[PDB]
Amino acid sequence: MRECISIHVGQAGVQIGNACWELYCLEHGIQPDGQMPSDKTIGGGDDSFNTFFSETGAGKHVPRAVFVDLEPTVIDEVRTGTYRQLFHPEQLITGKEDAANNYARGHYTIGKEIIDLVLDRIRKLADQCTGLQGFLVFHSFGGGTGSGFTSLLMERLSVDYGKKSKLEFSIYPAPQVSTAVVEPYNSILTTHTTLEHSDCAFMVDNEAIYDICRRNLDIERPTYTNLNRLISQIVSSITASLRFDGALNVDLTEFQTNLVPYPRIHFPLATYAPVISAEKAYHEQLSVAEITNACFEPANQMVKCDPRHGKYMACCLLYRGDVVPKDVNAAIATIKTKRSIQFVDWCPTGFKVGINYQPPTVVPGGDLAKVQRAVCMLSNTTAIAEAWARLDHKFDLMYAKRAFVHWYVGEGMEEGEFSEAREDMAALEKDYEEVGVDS
Amino acid sequence: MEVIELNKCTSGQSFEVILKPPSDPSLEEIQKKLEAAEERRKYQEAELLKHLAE
Amino acid sequence: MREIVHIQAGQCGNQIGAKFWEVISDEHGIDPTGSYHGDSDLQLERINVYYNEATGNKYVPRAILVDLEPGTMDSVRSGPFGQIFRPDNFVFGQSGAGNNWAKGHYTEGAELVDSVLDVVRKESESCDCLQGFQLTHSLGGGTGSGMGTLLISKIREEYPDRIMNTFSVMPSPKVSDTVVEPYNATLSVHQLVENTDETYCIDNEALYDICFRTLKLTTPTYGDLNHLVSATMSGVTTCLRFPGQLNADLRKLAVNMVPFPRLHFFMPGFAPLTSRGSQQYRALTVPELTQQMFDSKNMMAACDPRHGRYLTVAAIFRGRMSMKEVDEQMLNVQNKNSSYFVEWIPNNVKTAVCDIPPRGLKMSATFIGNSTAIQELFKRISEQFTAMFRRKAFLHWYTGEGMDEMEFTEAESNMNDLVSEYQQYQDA
Amino acid sequence: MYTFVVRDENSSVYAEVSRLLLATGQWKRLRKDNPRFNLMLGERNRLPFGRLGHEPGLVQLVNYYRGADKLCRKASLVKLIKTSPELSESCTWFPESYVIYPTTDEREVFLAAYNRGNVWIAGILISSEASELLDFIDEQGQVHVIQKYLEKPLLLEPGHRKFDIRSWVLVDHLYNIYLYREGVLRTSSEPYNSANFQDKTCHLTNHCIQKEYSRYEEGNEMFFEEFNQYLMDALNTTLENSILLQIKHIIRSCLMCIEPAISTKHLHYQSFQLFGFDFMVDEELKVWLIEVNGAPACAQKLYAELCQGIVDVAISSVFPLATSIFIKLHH
Ligand SMILES: Nc1nc2c(ncn2[C@@H]2O[C@H](COP(=O)(O)OP(=O)(O)OP(=O)(O)O)[C@@H](O)[C@H]2O)c(=O)[nH]1
Ligand SMILES: Nc1nc2c(ncn2[C@@H]2O[C@H](COP(=O)(O)OP(=O)(O)O)[C@@H](O)[C@H]2O)c(=O)[nH]1
Ligand SMILES: [Ca+2]
Ligand SMILES: [Mg+2]
C-alpha cells in the first residue's frame, strides 16, 4: 500500500477539497469524526483505502491532506463544519493577508513568507508514510494564492521530493463565476512556472461545469456548491483506482504512463456521464452504450472543445456501477464507427477500461440523482489546446496595453517573467499542433 | 477487437481493448529568485519614501 | 479582520462623513449609542471593517474628525449619531482655512496635522489587518482640500503599503460662488493623482443636476446633495461590509478597477434616485435597475459615459432578487453597447449581489465605472483654472502663504497629462 | 439587434452579406477584435474556431465548417474519396486520382494504372506522358495531384468548345443542403482541340485564362435557361435529367460523408458555409466532379439573389427579425 498526500491551495482548492473529502468519507463509510466501523484494522492496516486516510489508535481515520489559504475565512469553515473533527489542526494552515488575485503577490510577497511553514507541515505527513508516492494538488488558476503560491510550492516539492509524482486538479477561469479580470495573467504565469513540476494536470473549466449544472440539473444560477459537488464526482472517478481494489491506475506513476506519452502534453480531458437531476420525476436509466457514447459529446467534457479536430494519445474508461466488459467492448465497437476518433500514428488505437462494481455515491440532498452506472473517460486529446489558445488570446489583448502589469511589477515581479511565461505557452500550443491536427 | 490483460477482483474488472496497432531548479536558485524580488520591492518603496521625504 | 481607518476633514468632508456613518450604522444595526440591535448576523459578521469593539457589546466608528475650525465639530457632535465617535478622535483648530488650499496644506494645516496623525496611529496600531484608509473631503475649499491632501501625503509615508481611498467632492459653479475653487481643485487633483489608490469623484455639478432637474428640487440644499452622496457611499462600500466574493477589500477592488496607476478616478452611479422623505411606492425591476445605473442621468460625475469607453466597471445589486436575471441583464448591457467597453480588457465588468437592501429601498443598484469619459470632469476644472491662471489672478491669496507660481504650473501640467492619458486609452 | 464582425475583406460574397445585414437597421458591425458578436464572417485561413461559442448571453454563428477543408483541398479530397467507405473506389463520378509530392505517396501506384489511351493533368501541366508530368511537380515544390484528363468532353456548338459547371451549395447549422437553382457553365471561347494538351486555352475553362483570349456568352458565362434550351434543341434532353440529377447526388454524397466530422448540431457554436462545386459533363452525358471550392465567388449576374438567400436561409434562420431560390437536397 502506498499513500498519497492531497494539497488544497487557495479558496477554490480548499472548497473543492471538502467536496472531495466529504464524498470520500461517504464512499469508504467513514463518519464526520474519523470513525469507520467497516475497517477492522483498528489503528492501521495496509488496505487500499489507507492511501488517502491514515488511522489513529482511537480508530479515527484522518485524511492524508493539508489545506492552505493565505487568508483565514475559508479554512475557518473547514475547522468548524461537520468534518472539523475529521482533520487535524496542523493540516489546516492559514495566513492573514491574501494575495489580492495577484500571482506575483502570492508567489513572492507572502509566498516566501509562508512556504517553509507549509513545506514543514507537509513533511510531517510524509513521515507517517511507509511508501509515499506523491501528491495531488487542488487549486484555481485565477486567484492570488491558487496561482502564485501553488507554483512556489510545486518548485519546493520538486526539490524536497524528487522521485515523487505530482498530479493537478486545476480550475480554469470562467467569467460567469470569476471575481478578477487579471485572471488570464495569473493563469499563464502559474502554468509556465508549474509546467515542469506537474506530472499530469486535470483542468476543470468552470464554464463547462457551469453549463452542465444549468442544462442537466435545471439549476438556474449555479453556486460554488453545485460546481464543487460535480467536481467531486469526477475527481472521485479519477482517484477511485487509488483507494479500491483494482489493477488499472493503481499508483500515480501509472497515470502518466497511461495518459501522458509527452511530458508537456500532460493535460488529459475528463468527460463524465450520466449527470441527472435528483428531482427528475422519472429517468429511464442509461445503458453502457448510452453513457459511453455521451463521453464523445463535447457537452459532457470538463472543457468545451472539439476532439474531432485533434488526435488522441491515450484513453481510459472508468466505469462505476453495473458494467461488464461485454457491453463495454460492444459499445466501443459501435461508437468506433459513428464517431471520429483518430489517434496519432505512433500510438495504438485503443482504450484502457476499469470497472468498479459499486455505483456512484451521491451526497444526500445534493443535486445529482443516483444512477445504476456511470463512466469517466480520460482521453488525452490535443483538442484541449483550444483552452490554451483562448486563454493566451485574452492575455495578449491585455499585455499589449500593459493593463494591470504594474500590480505584479510593484510586488517585485519583472516585466519579462510575463513575456517568458507567455512565450512558453506559445511553445505549448505549438507542440499540441505538431502532435495532432495533421490529418 | 482485442481484449488484453483481463484482471478480475470482487471490486470490479480491468482490461485493455485495442482496435488498431500503431502505424529543474534548486533550493539555491529558488532563493536567489525570491530575494531578487524583495530587493526590487524594497527598492521601489525606498524611492517612494524618498520622494515623500522631499 | 481587514480594518479601514476613516478620516473626514473640513466642512464638506465632515458632513458627508457623518451622513455615511448614520446610514451604515443603521445598515449594521448600531444605534446612536453604539449598541447592536439588529437581527441578521450578516450585520455583525463584518462589523469590524468599519467599527471597533468595546466592552458593553458596543461599537465605535473607526473614524477621525478633522477640521481647522471648531464649527463643524460641534454640529456633528450635536447630530443624530454625534455621540458614537471616540471623543479624542475629534481633532480641530481655530483659525480655519478660509477656502484656501495653501492654508490647509502648508501654514494652518501644519500646526494641526501631527495631532491628527497621532489619532491615526493610535487607531492603526490597534488593527490586526489594516487594509488602508478612506478619507471624505471636498476639493474646492481649503481644509479638506488642502489639509486632506497633506494628511494623505503624511499617511502614505507612514503606511506606504496600505491602501489609500478617498471620496472627493468636486466643485461646481452651479452650487458655489467662490472664485478660487478651480485653484484648490487642481492643487488637490495633482495630489490625488500621485497619492491615492482609489478616488470616487462626487461631482457637485452632477449632484446639483440630479437634484434640480430629475428630482425637481426647486431650491436644493447640501442636505439634498448629501442625500445622493449618502446612498452612493453605502452602495460602493457594500462589498466591504457584508460577506461576499467580489471587491471585498480595498486591494482586491483596486486590482479590479485600476489597469494603470494614475487612472484611478471612478465615476459612481446610483439607481433609483430619490429625494429624501420620498415615499417609495414601487420597486424597480432588475432590468430597470440595470438600465438606469448605466444611464448618464444617474452618474455622480457630470461626464457623458457614451463620450468615452469603460476601462473597468463594478456593479453592486442589493435587495432580494434573481441572480439568474441580474446576470442575464448585466450581460445584455455589455452585449448591446459593446463598443463602450475596451476590447483589450476582456470581461471587465464584475457584478456582486447583496441580499440586504438599503434603507427604504427594496431594490437598488450602485455602479462604479472607470471610464475614460471622466477626462471631461478634469477638463471642466482645467478650463476654469486656466481662464484665470493665465493672468495670475487671485494668486496673491496663495503666494502670501509662501506658495510659488511654479507649483500652480506643475499641478496644472499633471492634470493636463491625466487628461491626455485618459484620451490615449479611448483610442485602441 | 444582432452583431457581426468581418474578417475576410476579400469576399465579394460576404461583402454583399454584410452590406445587406447593415441595410436593415437590425445588424451592427463591430470591430473585428470585439468578441461580443453573434455572427463572424470569418477569415479564410487559420480562422480561430477554438474561440467561438464561449461568450455567455450571445449565440454565435460562423460562416465556415471547421474541417470542411478535407472536401476543398485537392490532395485531401482525393484521400477522402479513396478512404471513406461511403465513397471509396465504388465512386464513379470522380476522375481517377493520386497524390504526388515534390522531391501515402501514390507515384508508383500511379504508373501502375498508366498503361496500354492515357492523358492526365496536374498554371498547371496537362500531358499524356508520365515524364515531364511527374517531374514537373517533382520540382514544383508544392504537393499536387494527378487526375485523368477527360479526353472526350461534351462540347457545345456552335463552337466545339468545352465548359465547366459551377453549383453553389449552402449548408446551414442544421446541415440542410441547399442547392442554388441558378448555376453557370464556364465556357471556353477557343474550340476545344485534341492534341493540344499543352495549349492550356481551349483545354482549360478557368474564367481567368479564358478572359485572356475569348464572344458567344457575356464573359464566357452561360446560365441554365440557355444551357437547358441547347440540351433540348440538340441532345433532346433536359438539364434536369441528363446532368443535374447526378449533381444533386454528388453534393449530397460528399457533404454527408463528412457530416459526422463537421456537424455543429451539439456544439457550443454554429457553422454554416457556402461551397462551390465544379463539374465536368462528358460525351455520354455523365457528370464528373473535380474541385470543391471552400470560398467560392459568384457569377456577377447572381450576386443579388444568392447573397440575399444566404442571409435568408443561413443567417436569419438563426437570428430572426420581426419562392425559395434553393433546392433542399433531401437526406
Ligand atoms: N469551481 C469553483 N471555483 C472556485 C471556488 N472557489 C474559488 N474558485 C475560483 O478560484 C479563483 C481564485 O482562486 P484562489 O487563488 O484559490 O483564491 P483564494 O482561495 O481566495 O486565495 P487568494 O487568491 O490568495 O485570496 C476565483 O476566481 C474563483 O473563480 C469553488 O468553490 N468552486
Ligand atoms: N457636495 C457638498 N459640497 C460641500 C458641502 N459642504 C461644503 N461643500 C463645498 O466646499 C466648499 C467650501 O470648502 P470649505 O468647507 O471652506 O473647505 P475647508 O475650509 O478646507 O474645510 C464650497 O464651495 C462647497 O461647494 C457638502 O455638504 N456637500
Ligand atoms: Ca477489514
Ligand atoms: Mg482571493
# chains A, B, ... in the order shown; residues from 1 in each chain; ligands from 1
call {"tool": "interface_residues", "arguments": {"of": "chain B", "to": "chain A", "cutoff": "8 Å", "atoms": "only C-alpha atoms", "output": "PyMOL selection string"}}
result
chain B and resi 1+7-27+30+34+36-41+44
call {"tool": "write_last_selection", "arguments": {"atoms": "N, CA, C and O atoms", "output": "CSV table (one decimal), in the first residue's frame"}}
result
chain,number,residue,atom,x,y,z
B,1,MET,N,-11.2,-4.8,-30.8
B,1,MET,CA,-11.2,-6.2,-31.4
B,1,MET,C,-10.0,-7.0,-30.9
B,1,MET,O,-9.5,-7.8,-31.6
B,7,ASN,N,-8.1,-8.4,-15.8
B,7,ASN,CA,-7.8,-8.6,-14.3
B,7,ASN,C,-9.1,-8.5,-13.5
B,7,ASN,O,-9.8,-7.4,-13.6
B,8,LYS,N,-9.5,-9.5,-12.8
B,8,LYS,CA,-10.8,-9.6,-12.1
B,8,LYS,C,-10.6,-9.6,-10.6
B,8,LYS,O,-9.6,-10.3,-10.1
B,9,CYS,N,-11.4,-9.0,-9.8
B,9,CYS,CA,-11.4,-9.0,-8.4
B,9,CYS,C,-12.9,-8.6,-7.9
B,9,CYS,O,-13.7,-8.2,-8.7
B,10,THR,N,-13.1,-8.8,-6.6
B,10,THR,CA,-14.5,-8.6,-6.2
B,10,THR,C,-15.0,-7.1,-6.3
B,10,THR,O,-16.2,-6.9,-6.3
B,11,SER,N,-14.1,-6.2,-6.4
B,11,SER,CA,-14.4,-4.8,-6.6
B,11,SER,C,-14.8,-4.4,-8.1
B,11,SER,O,-15.6,-3.5,-8.3
B,12,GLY,N,-14.3,-5.2,-9.0
B,12,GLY,CA,-14.5,-4.8,-10.4
B,12,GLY,C,-13.4,-5.4,-11.3
B,12,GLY,O,-12.6,-6.1,-10.8
B,13,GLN,N,-13.5,-5.2,-12.6
B,13,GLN,CA,-12.6,-5.7,-13.6
B,13,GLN,C,-11.8,-4.6,-14.3
B,13,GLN,O,-12.2,-3.4,-14.2
B,14,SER,N,-10.7,-5.0,-14.9
B,14,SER,CA,-9.8,-4.1,-15.6
B,14,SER,C,-9.2,-4.8,-16.8
B,14,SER,O,-8.7,-6.0,-16.7
B,15,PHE,N,-9.1,-4.1,-17.9
B,15,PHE,CA,-8.7,-4.7,-19.2
B,15,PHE,C,-8.3,-3.6,-20.2
B,15,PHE,O,-8.7,-2.5,-20.0
B,16,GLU,N,-7.7,-4.0,-21.3
B,16,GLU,CA,-7.3,-3.2,-22.4
B,16,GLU,C,-8.0,-3.7,-23.6
B,16,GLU,O,-7.9,-4.9,-23.9
B,17,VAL,N,-8.6,-2.8,-24.4
B,17,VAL,CA,-9.2,-3.2,-25.7
B,17,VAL,C,-8.5,-2.3,-26.8
B,17,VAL,O,-8.8,-1.1,-26.8
B,18,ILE,N,-7.7,-3.0,-27.7
B,18,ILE,CA,-7.1,-2.3,-28.8
B,18,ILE,C,-7.9,-2.7,-30.1
B,18,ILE,O,-8.3,-3.8,-30.3
B,19,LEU,N,-8.0,-1.7,-31.0
B,19,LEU,CA,-8.8,-1.9,-32.2
B,19,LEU,C,-7.9,-1.8,-33.4
B,19,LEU,O,-8.2,-2.4,-34.5
B,20,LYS,N,-6.7,-1.1,-33.4
B,20,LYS,CA,-5.8,-1.0,-34.5
B,20,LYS,C,-4.4,-0.8,-33.8
B,20,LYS,O,-4.3,0.0,-32.8
B,21,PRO,N,-3.3,-1.4,-34.3
B,21,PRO,CA,-2.0,-1.1,-33.7
B,21,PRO,C,-1.3,0.1,-34.3
B,21,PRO,O,-1.7,0.5,-35.4
B,22,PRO,N,-0.3,0.6,-33.7
B,22,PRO,CA,0.3,1.9,-34.2
B,22,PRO,C,0.9,1.8,-35.5
B,22,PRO,O,1.9,1.0,-35.8
B,23,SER,N,0.4,2.6,-36.5
B,23,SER,CA,1.1,2.9,-37.8
B,23,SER,C,2.5,3.6,-37.7
B,23,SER,O,3.4,3.1,-37.1
B,24,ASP,N,15.3,21.9,-14.0
B,24,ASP,CA,14.6,21.7,-12.8
B,24,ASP,C,15.4,22.3,-11.6
B,24,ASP,O,16.4,21.7,-11.2
B,25,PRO,N,14.9,23.5,-11.2
B,25,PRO,CA,15.8,24.3,-10.3
B,25,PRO,C,15.9,23.8,-8.8
B,25,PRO,O,15.4,22.7,-8.5
B,26,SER,N,16.6,24.5,-8.0
B,26,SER,CA,17.2,24.1,-6.7
B,26,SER,C,16.9,25.0,-5.6
B,26,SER,O,16.7,26.2,-5.9
B,27,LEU,N,16.9,24.6,-4.4
B,27,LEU,CA,16.6,25.5,-3.3
B,27,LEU,C,17.4,26.7,-3.3
B,27,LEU,O,17.0,27.8,-2.9
B,30,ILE,N,16.1,28.8,-6.2
B,30,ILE,CA,14.8,29.3,-5.8
B,30,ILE,C,14.9,30.5,-4.9
B,30,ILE,O,14.3,31.5,-5.1
B,34,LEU,N,13.4,34.5,-5.2
B,34,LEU,CA,12.5,35.2,-4.3
B,34,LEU,C,13.2,36.5,-3.8
B,34,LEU,O,12.5,37.5,-3.7
B,36,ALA,N,15.8,38.4,-5.2
B,36,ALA,CA,15.8,39.4,-6.2
B,36,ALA,C,14.5,40.2,-6.3
B,36,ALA,O,14.5,41.3,-6.8
B,37,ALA,N,13.4,39.6,-5.8
B,37,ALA,CA,12.1,40.2,-5.8
B,37,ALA,C,11.8,41.1,-4.6
B,37,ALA,O,11.2,42.2,-4.8
B,38,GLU,N,12.3,40.7,-3.4
B,38,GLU,CA,12.1,41.7,-2.3
B,38,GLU,C,13.1,42.8,-2.5
B,38,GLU,O,12.9,43.9,-2.0
B,39,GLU,N,14.3,42.5,-3.0
B,39,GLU,CA,15.2,43.6,-3.3
B,39,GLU,C,14.6,44.7,-4.3
B,39,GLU,O,14.8,45.9,-4.1
B,40,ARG,N,13.9,44.2,-5.3
B,40,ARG,CA,13.2,45.2,-6.2
B,40,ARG,C,12.0,45.8,-5.4
B,40,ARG,O,11.8,47.0,-5.5
B,41,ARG,N,11.2,45.0,-4.7
B,41,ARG,CA,10.1,45.5,-4.0
B,41,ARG,C,10.5,46.5,-2.9
B,41,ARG,O,9.9,47.5,-2.7
B,44,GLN,N,11.8,49.8,-4.7
B,44,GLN,CA,10.7,50.7,-5.1
B,44,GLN,C,10.1,51.5,-3.9
B,44,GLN,O,9.8,52.7,-4.0
call {"tool": "interface_residues", "arguments": {"of": "chain A", "to": "chain C", "cutoff": "10 Å", "atoms": "only C-alpha atoms", "output": "number ranges by chain"}}
result
A: 72-73, 96-102, 174-182, 184, 219-222, 393-408
call {"tool": "write_last_selection", "arguments": {"atoms": "N, CA, C and O atoms", "output": "compact mmCIF listing (two decimals), in the first residue's frame"}}
result
# COMPACT_ATOMS: atom_id res chain seq x y z
N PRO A 72 -7.78 33.49 6.23
CA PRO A 72 -8.42 32.50 7.10
C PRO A 72 -9.89 32.25 6.87
O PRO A 72 -10.43 31.32 7.49
N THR A 73 -10.58 33.03 6.04
CA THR A 73 -12.04 32.95 6.03
C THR A 73 -12.51 31.56 5.63
O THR A 73 -13.46 31.03 6.22
N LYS A 96 -2.81 35.62 7.01
CA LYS A 96 -3.61 36.78 7.41
C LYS A 96 -4.07 37.61 6.22
O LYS A 96 -5.27 37.72 5.98
N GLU A 97 -3.15 38.23 5.47
CA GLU A 97 -3.49 38.93 4.22
C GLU A 97 -3.42 37.95 3.05
O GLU A 97 -2.46 37.18 2.93
N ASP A 98 -4.41 38.01 2.15
CA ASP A 98 -4.38 37.14 0.98
C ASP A 98 -3.56 37.80 -0.11
O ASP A 98 -2.80 38.75 0.14
N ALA A 99 -3.68 37.30 -1.33
CA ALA A 99 -2.82 37.69 -2.43
C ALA A 99 -3.51 38.60 -3.44
O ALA A 99 -2.99 38.76 -4.56
N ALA A 100 -4.65 39.19 -3.08
CA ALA A 100 -5.44 40.07 -3.94
C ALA A 100 -5.41 39.70 -5.42
O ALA A 100 -5.01 40.52 -6.23
N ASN A 101 -5.85 38.48 -5.77
CA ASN A 101 -5.85 37.98 -7.14
C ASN A 101 -4.60 38.40 -7.91
O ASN A 101 -4.69 38.75 -9.10
N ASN A 102 -3.45 38.36 -7.26
CA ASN A 102 -2.21 38.81 -7.88
C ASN A 102 -1.17 37.70 -7.78
O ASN A 102 -0.64 37.41 -6.69
N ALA A 174 -13.42 31.09 -15.67
CA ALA A 174 -14.59 31.45 -16.46
C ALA A 174 -15.22 32.71 -15.87
O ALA A 174 -15.30 32.86 -14.64
N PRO A 175 -15.65 33.64 -16.72
CA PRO A 175 -16.14 34.91 -16.20
C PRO A 175 -17.47 34.79 -15.48
O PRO A 175 -17.74 35.60 -14.59
N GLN A 176 -18.29 33.79 -15.81
CA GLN A 176 -19.57 33.65 -15.11
C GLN A 176 -19.40 33.49 -13.61
O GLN A 176 -20.38 33.64 -12.87
N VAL A 177 -18.21 33.14 -13.13
CA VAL A 177 -18.01 32.97 -11.70
C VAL A 177 -16.67 33.56 -11.26
O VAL A 177 -16.34 33.52 -10.07
N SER A 178 -15.91 34.13 -12.19
CA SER A 178 -14.61 34.70 -11.86
C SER A 178 -14.79 36.04 -11.16
O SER A 178 -15.64 36.84 -11.53
N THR A 179 -13.98 36.28 -10.12
CA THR A 179 -14.04 37.53 -9.37
C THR A 179 -12.85 38.46 -9.65
O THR A 179 -12.59 39.37 -8.85
N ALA A 180 -12.13 38.25 -10.76
CA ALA A 180 -10.99 39.11 -11.10
C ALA A 180 -10.83 39.17 -12.61
O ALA A 180 -11.11 38.20 -13.30
N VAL A 181 -10.39 40.33 -13.11
CA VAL A 181 -10.18 40.47 -14.55
C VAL A 181 -8.73 40.16 -14.94
O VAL A 181 -8.45 39.88 -16.11
N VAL A 182 -7.81 40.14 -13.98
CA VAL A 182 -6.43 39.76 -14.26
C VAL A 182 -6.25 38.24 -14.31
O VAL A 182 -5.12 37.76 -14.38
N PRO A 184 -6.46 35.82 -16.54
CA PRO A 184 -5.55 35.28 -17.57
C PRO A 184 -4.08 35.50 -17.27
O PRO A 184 -3.26 34.61 -17.52
N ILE A 219 -30.50 23.77 -12.67
CA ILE A 219 -30.11 24.77 -11.68
C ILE A 219 -29.96 26.13 -12.36
O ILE A 219 -29.09 26.32 -13.22
N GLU A 220 -30.81 27.09 -11.98
CA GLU A 220 -30.83 28.41 -12.61
C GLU A 220 -29.48 29.10 -12.67
O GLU A 220 -28.95 29.35 -13.76
N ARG A 221 -28.91 29.44 -11.51
CA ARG A 221 -27.66 30.20 -11.44
C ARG A 221 -26.74 29.42 -10.51
O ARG A 221 -26.72 29.64 -9.29
N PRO A 222 -25.95 28.49 -11.06
CA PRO A 222 -25.18 27.59 -10.20
C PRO A 222 -24.31 28.34 -9.20
O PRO A 222 -23.66 29.34 -9.54
N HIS A 393 -5.05 34.25 -25.81
CA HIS A 393 -5.55 35.41 -26.54
C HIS A 393 -5.95 36.53 -25.57
O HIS A 393 -5.64 37.70 -25.81
N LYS A 394 -6.66 36.19 -24.49
CA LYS A 394 -7.03 37.20 -23.50
C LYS A 394 -5.79 37.83 -22.90
O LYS A 394 -5.72 39.05 -22.73
N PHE A 395 -4.79 37.00 -22.58
CA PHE A 395 -3.51 37.52 -22.13
C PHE A 395 -2.96 38.56 -23.11
O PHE A 395 -2.58 39.66 -22.71
N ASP A 396 -2.96 38.22 -24.41
CA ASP A 396 -2.36 39.08 -25.42
C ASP A 396 -3.08 40.43 -25.51
O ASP A 396 -2.43 41.48 -25.63
N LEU A 397 -4.42 40.43 -25.43
CA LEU A 397 -5.18 41.67 -25.55
C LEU A 397 -4.81 42.65 -24.45
O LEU A 397 -4.73 43.86 -24.70
N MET A 398 -4.56 42.15 -23.24
CA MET A 398 -4.27 42.98 -22.09
C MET A 398 -2.81 43.38 -21.99
O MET A 398 -2.51 44.51 -21.60
N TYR A 399 -1.89 42.47 -22.33
CA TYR A 399 -0.48 42.76 -22.16
C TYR A 399 0.02 43.68 -23.26
O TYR A 399 0.97 44.44 -23.05
N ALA A 400 -0.64 43.67 -24.41
CA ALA A 400 -0.28 44.63 -25.45
C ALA A 400 -0.41 46.06 -24.95
O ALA A 400 0.30 46.96 -25.41
N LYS A 401 -1.36 46.31 -24.06
CA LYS A 401 -1.56 47.64 -23.50
C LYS A 401 -0.90 47.78 -22.12
O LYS A 401 -0.91 48.87 -21.54
N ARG A 402 -0.32 46.71 -21.61
CA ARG A 402 0.30 46.64 -20.31
C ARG A 402 -0.71 46.82 -19.19
O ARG A 402 -0.32 47.08 -18.04
N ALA A 403 -2.00 46.68 -19.49
CA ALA A 403 -3.04 46.81 -18.48
C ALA A 403 -2.67 45.98 -17.27
O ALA A 403 -2.21 44.85 -17.41
N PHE A 404 -2.78 46.58 -16.08
CA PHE A 404 -2.63 45.85 -14.82
C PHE A 404 -1.22 45.36 -14.48
O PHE A 404 -1.00 44.86 -13.37
N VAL A 405 -0.28 45.48 -15.41
CA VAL A 405 1.05 44.89 -15.21
C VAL A 405 1.70 45.46 -13.97
O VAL A 405 2.40 44.76 -13.23
N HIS A 406 1.48 46.75 -13.72
CA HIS A 406 2.14 47.40 -12.60
C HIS A 406 1.80 46.75 -11.26
O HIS A 406 2.58 46.90 -10.31
N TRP A 407 0.68 46.02 -11.15
CA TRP A 407 0.38 45.40 -9.85
C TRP A 407 1.36 44.27 -9.56
O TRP A 407 1.74 44.05 -8.40
N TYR A 408 1.75 43.52 -10.59
CA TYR A 408 2.69 42.42 -10.44
C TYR A 408 4.11 42.96 -10.30
O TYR A 408 4.87 42.51 -9.43
call {"tool": "closest_residue", "arguments": {"among": "C:244, C:69, C:44, C:394", "to": "ligand 1", "atoms": "only C-alpha atoms and all ligand atoms"}}
result
C:244
call {"tool": "select_by_dssp", "arguments": {"residues": "segment 83-158 of chain A", "states": "strand (DSSP E or B)", "output": "VMD selection string"}}
result
chain A and resid 92 to 94 134 to 140
call {"tool": "residues_around", "arguments": {"residues": "residue 66 of chain A", "least_positions_apart": "3", "cutoff": "12 Å", "atoms": "only C-alpha atoms", "output": "PyMOL selection string"}}
result
chain A and resi 4-10+13-14+17-18+21+52+62-63+69+75+78+87-94+117-126+135-138
call {"tool": "residues_near_ligand", "arguments": {"ligand": "ligand 2", "cutoff": "6 Å", "atoms": "only C-alpha atoms and all ligand atoms", "output": "ChimeraX atom specification"}}
result
/C:10-12,15-16,97-99,138,140-145,169,171,175-176,204,222,225-226
call {"tool": "interface_residues", "arguments": {"of": "chain D", "to": "chain C", "cutoff": "6 Å", "atoms": "only C-alpha atoms", "output": "list in words"}}
result
residues 34, 36 and 57 of chain D
call {"tool": "select_by_dssp", "arguments": {"residues": "chain B", "states": "alpha helix (DSSP H)", "output": "number ranges by chain"}}
result
B: 27-53
call {"tool": "interface_residues", "arguments": {"of": "chain B", "to": "chain C", "cutoff": "12 Å", "atoms": "only C-alpha atoms", "output": "PyMOL selection string"}}
result
chain B and resi 41-42+44-54
call {"tool": "interface_residues", "arguments": {"of": "chain A", "to": "chain D", "cutoff": "7 Å", "atoms": "only C-alpha atoms", "output": "JSON, numbers by chain"}}
result
{"A": [298, 308, 339, 340, 386, 390]}
call {"tool": "residues_around", "arguments": {"residues": "segment 218-220 of chain C", "least_positions_apart": "6", "cutoff": "12 Å", "atoms": "only C-alpha atoms", "output": "VMD selection string"}}
result
chain C and resid 174 to 175 204 207 to 212 226 to 228 275 to 276
call {"tool": "residues_near_ligand", "arguments": {"ligand": "ligand 3", "cutoff": "12 Å", "atoms": "only C-alpha atoms and all ligand atoms", "output": "PyMOL selection string"}}
result
chain A and resi 28+36-50
call {"tool": "residues_around", "arguments": {"residues": "segment 202-214 of chain D", "least_positions_apart": "2", "cutoff": "8 Å", "atoms": "only C-alpha atoms", "output": "list in words"}}
result
residues 161, 162, 163, 164, 186, 187, 188, 189, 190, 191, 192, 193, 196, 197, 199, 200, 219 and 220 of chain D
call {"tool": "residues_around", "arguments": {"residues": "residue 35 of chain C", "least_positions_apart": "3", "cutoff": "6 Å", "atoms": "only C-alpha atoms", "output": "list in words"}}
result
residues 30, 31 and 58 of chain C
call {"tool": "write_last_selection", "arguments": {"atoms": "C-alpha atoms", "output": "short mmCIF file (atom, residue, chain, number, x, y, z; two decimals), in the first residue's frame"}}
result
data_model
loop_
_atom_site.label_atom_id
_atom_site.label_comp_id
_atom_site.auth_asym_id
_atom_site.auth_seq_id
_atom_site.Cartn_x
_atom_site.Cartn_y
_atom_site.Cartn_z
CA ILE C 30 -25.90 50.08 15.52
CA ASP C 31 -27.92 52.69 17.40
CA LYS C 58 -20.55 48.45 21.95
#
call {"tool": "closest_residue", "arguments": {"among": "D:201, D:236, D:104, D:229", "to": "chain B", "atoms": "only C-alpha atoms"}}
result
D:104
call {"tool": "residues_around", "arguments": {"residues": "residue 310 of chain C", "least_positions_apart": "5", "cutoff": "9 Å", "atoms": "only C-alpha atoms", "output": "list in words"}}
result
residues 305, 340, 341, 342, 348, 369, 370, 371, 372, 373 and 426 of chain C
call {"tool": "atom_distance", "arguments": {"atom1": "atom CA of residue 313 of chain D", "atom2": "atom CA of residue 179 of chain D"}}
result
11.6 Å
call {"tool": "atom_distance", "arguments": {"atom1": "atom CA of residue 37 of chain C", "atom2": "atom CA of residue 25 of chain C"}}
result
10.5 Å
call {"tool": "decode", "arguments": {"residues": "segment 127-140 of chain D", "atoms": "C-alpha atoms", "output": "mmCIF file, in the first residue's frame"}}
result
data_model
loop_
_atom_site.group_PDB
_atom_site.id
_atom_site.type_symbol
_atom_site.label_atom_id
_atom_site.label_comp_id
_atom_site.auth_asym_id
_atom_site.auth_seq_id
_atom_site.Cartn_x
_atom_site.Cartn_y
_atom_site.Cartn_z
ATOM 1 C CA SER D 127 0.219 15.836 -70.765
ATOM 2 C CA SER D 128 -0.248 12.232 -71.857
ATOM 3 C CA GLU D 129 3.291 11.311 -70.751
ATOM 4 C CA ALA D 130 4.351 10.396 -67.219
ATOM 5 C CA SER D 131 7.740 12.071 -67.600
ATOM 6 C CA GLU D 132 7.617 15.868 -67.926
ATOM 7 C CA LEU D 133 4.449 15.461 -65.823
ATOM 8 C CA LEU D 134 5.669 13.672 -62.675
ATOM 9 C CA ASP D 135 8.927 15.633 -62.722
ATOM 10 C CA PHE D 136 7.097 18.937 -63.309
ATOM 11 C CA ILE D 137 5.522 18.546 -59.864
ATOM 12 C CA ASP D 138 8.588 16.688 -58.574
ATOM 13 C CA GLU D 139 10.365 20.018 -58.922
ATOM 14 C CA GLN D 140 7.337 22.168 -58.280
#
